[PDB]
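Structure, as structure tokens:
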Amino acid sequence: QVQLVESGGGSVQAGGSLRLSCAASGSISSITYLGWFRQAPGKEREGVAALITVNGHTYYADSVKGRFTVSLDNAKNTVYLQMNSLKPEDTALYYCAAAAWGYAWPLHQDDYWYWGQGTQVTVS
Amino acid sequence: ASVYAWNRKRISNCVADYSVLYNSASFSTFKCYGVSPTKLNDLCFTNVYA
Amino acid sequence: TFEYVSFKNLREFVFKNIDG
């Protein structure tokens, strides 16, 4: 019942900047938790960014700590993911996920999420 | 408590606020089944064993 | 599963158990 549309991807060099987005449509007030995923070629899809919609609390992984920021825009109904200080280990497919049951740090693939279509982010 | 002795304690005839739990800034795997945690504070149910 | 705190005198009472 919740549809996620994500964009903002593209190719940028090392040390550059990007800014992903993920718009939500449907039962918006029931969604309590937005988490950003990342699946490298040859690696499992892990948890990178986390954001409670009700609380505003942000949780970040240890490989992206001090570089990655997540923000919520309730007026435009779209969660953001600003990419700062990029390194070439970030070449992966990124996914935005929504939860209507609560928050769980660390992110897990086997939980019930509303999955998007994924955006390619390529850095070199 | 222990897991060989997790007693079925009855806390009754009072009120439990849950809005400080979301602002406790320490929860890791906060999992609510059935009903959403947004609609936990306003509506309650029987058998509130812990 | 409860607790409470409360000839010349005639302490009348009437008790009813309906609808649980």
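What follows is calculated from the coordinates using simple rules that are stated; it is not laboratory data. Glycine also receives a Cβ, built like all others from the backbone with ideal geometry; neighbour counts cover every protein chain displayed.
Does residue A:50 satisfy being within 23 Å of residue B:35 (Cβ to Cβ) and either part of a loop (DSSP other than H, G, I, E, B) or within 14 Å of chain B (Cβ to nearest Cβ) (or both)?
yes
Could you please find all residues in region B:28-40 being within 7 Å of another protein chain (Cβ to nearest Cβ), under 13 Å from the mean Cα position of the chain (by Cα) and assigned to a loop (DSSP other than H, G, I, E, B)?
Correct list: B:30, B:31, B:32, B:36.
Do we find that residue A:97 is over 18 Å from residue A:10 (Cα atoms), touching a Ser or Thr at 6+ places or on another chain (Cβ under 8 Å) and not in a loop (DSSP other than H, G, I, E, B) in this structure?
no
Search region B:1-18 for residues being of a type outside the set (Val, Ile, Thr), more than 10 Å from every other protein chain (Cβ to nearest Cβ) and farther than 13 Å from residue B:49 by Cβ, and hand back the single one that is farthest from the chain's Cα centre (by Cα).
This residue is B:4.
Of the residues A:56, A:66, which single one is part of a loop (DSSP other than H, G, I, E, B), farther than 20 Å from residue A:103 by Cβ and either over 14 Å from the mean Cα position of the chain (by Cα) or within 14 Å of chain B (Cβ to nearest Cβ) (or both)?
Going through A:56, A:66 in turn, just one is part of a loop (DSSP other than H, G, I, E, B), farther than 20 Å from residue A:103 by Cβ and either over 14 Å from the mean Cα position of the chain (by Cα) or within 14 Å of chain B (Cβ to nearest Cβ) (or both): A:66.
For residue A:30, indicate whether it is surrounded by fewer than 17 Cβ atoms within 10 Å (Cβ to Cβ) and either within 14 Å of chain B (Cβ to nearest Cβ) or in contact with a strand residue (DSSP E or B) (Cβ under 9 Å, 6 or more places away or on another chain) (or both).
yes
Taking the condition of being in contact with a strand residue (DSSP E or B) (Cβ under 9 Å, 6 or more places away or on another chain), more than 14 Å from chain B (Cβ to nearest Cβ) and closer than 14 Å to residue A:31 by Cβ, how many residues in region A:74-113 meet it?
Residues flagged as in contact with a strand residue (DSSP E or B) (Cβ under 9 Å, 6 or more places away or on another chain), more than 14 Å from chain B (Cβ to nearest Cβ) and closer than 14 Å to residue A:31 by Cβ within region A:74-113 amount to 5.
Could you list, in sequence order, all residues of region B:41-50 that are away from chain A (no Cβ under 13 Å) and either within 12 Å of the chain's Cα centre (by Cα) or polar (S, T, N, Q) (or both)?
Answer for region B:41-50, where residues must be away from chain A (no Cβ under 13 Å) and either within 12 Å of the chain's Cα centre (by Cα) or polar (S, T, N, Q) (or both): B:44, B:45, B:46, B:47, B:48, B:49, B:50.
Out of region B:29-50, which residues are surrounded by fewer than 10 Cβ atoms within 10 Å (Cβ to Cβ) and closer than 27 Å to residue A:60 by Cα?
The one that is surrounded by fewer than 10 Cβ atoms within 10 Å (Cβ to Cβ) and closer than 27 Å to residue A:60 by Cα: B:33.
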